[PDB]
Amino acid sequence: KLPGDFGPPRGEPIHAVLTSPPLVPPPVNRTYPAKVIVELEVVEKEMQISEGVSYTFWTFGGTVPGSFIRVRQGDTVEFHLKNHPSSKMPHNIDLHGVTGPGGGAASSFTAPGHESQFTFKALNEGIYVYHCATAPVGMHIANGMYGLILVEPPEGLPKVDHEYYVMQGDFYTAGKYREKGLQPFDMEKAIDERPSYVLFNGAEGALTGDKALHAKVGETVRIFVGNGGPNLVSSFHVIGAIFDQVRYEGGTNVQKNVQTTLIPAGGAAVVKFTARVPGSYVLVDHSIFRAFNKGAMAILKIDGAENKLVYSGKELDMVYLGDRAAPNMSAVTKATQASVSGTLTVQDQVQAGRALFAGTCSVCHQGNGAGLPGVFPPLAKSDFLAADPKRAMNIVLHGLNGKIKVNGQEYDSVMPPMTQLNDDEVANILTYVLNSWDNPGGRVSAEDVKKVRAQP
């Protein structure tokens, strides 16, 4: 009598169904223990962590997080790890929930071009993080080597309408947030736990806009929530909703009716959500600068009838979500590609600036640049802008306060500095503004902003 003692494996071996985020393999739907064969392949590959920002990820199965594994408590798992011949590093795995030293690390050590296997019985029901366990472990985990394995209870989880896979991670780029180009891993930021990005599913906007999760009013949604870390603890929160329940790993304790829950580094939870009114529900790390300054936001979008007795308000918009209220920011991807190619047009910059202007600028100056007479000066046919377009660069970088006059109206207010914006973002935003609302046109270049940022 160990736990998860259900018998020796019966029937034929089952090849495990591994899914890519944000999807989950189907419930095993069986009453007997099985020998489950898992084949997982490590791939090292460049992917976009943000628009026009590439990163060399180390992946289980080509994604961050890695492929989702689903087995049944009592199963015997024969775990095959392949390391693709293109890999430069060796890799291995530690699966939380494994009973044995290293969670499989020693026996799963796998050089590029090789394959390893070890076998384990899944004694422990629950949701568990797996990750690479190769020195230096922090580097392998920071580069994206984590995912979830579910060990079902023998009777399976209660049925829901949808099951999704969401995994938080902290990332450490040499360059700053949204600085374009291929970004190396930064060991110094990693050791200090100062990530440049905090993401769901390996990228900014991975689960926003046209990539949101979906359900309908009345449906139940189970989310398998991982925190791969490596270093951060998530104040994991759903905006505008509540979790019916939150259960950590294989724990006996189940919390019900909470909105904010702490997920340890390396931790995992199953949360349940019941859709009650339509609109966009935001999954965040409520350490707010992560959610709103580093990418740590995901969307569950609910379709169906409004319930005015429950909520009279409008759908989420750019005031809260900023530039992620849109379907995508693919104009920024295209403008960055054109810059690298030396083929950047005015229109490339305009469309990029339009994407970034949302929230960042429109919260005060409005979508149409009209502002609000006497409170927020207009950017639309702005005489003050026209009178010295170049100074707009200083205003964005270093802010503006004091008495000014715009389209012959008096303002005495404060525009905070926005120095975190990269040279290309300032250039594109300002090029957008100059080419909108009958402004004079022309363009601002990243190089122009670089020169101004460097002026003391």
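Don't overthink the numbering: it's just position in the shown sequence, from 1.
As listed in the deposited structure, the average C-alpha B-factor of 379-387 and of 72-80 is greater for 379-387. Look at the mean CA B-factor for 19-27 and for 443-451 in the entry; the higher one is 443-451. Reading the B-factor column for the CA atoms of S50, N394, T63, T56 in the entry, the top value corresponds to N394. Highest C-alpha temperature factor among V36, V414, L40, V43 per the entry: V414.
In the deposited entry, the Cα temperature factor of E249 sits in the bottom third of values across the chain's modelled residues.
When all modelled residues of the chain are sorted by CA temperature factor, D161 is found within the middle third. Ranked against the other modelled residues of its chain, the C-alpha B-factor of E306 as given in the entry falls in the middle third. The PDB entry assigns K334 a C-alpha temperature factor belonging to the highest third of its chain's modelled residues.
Annotation for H96: C-alpha temperature factor in the lowest third relative to the rest of the modelled chain, per the entry.
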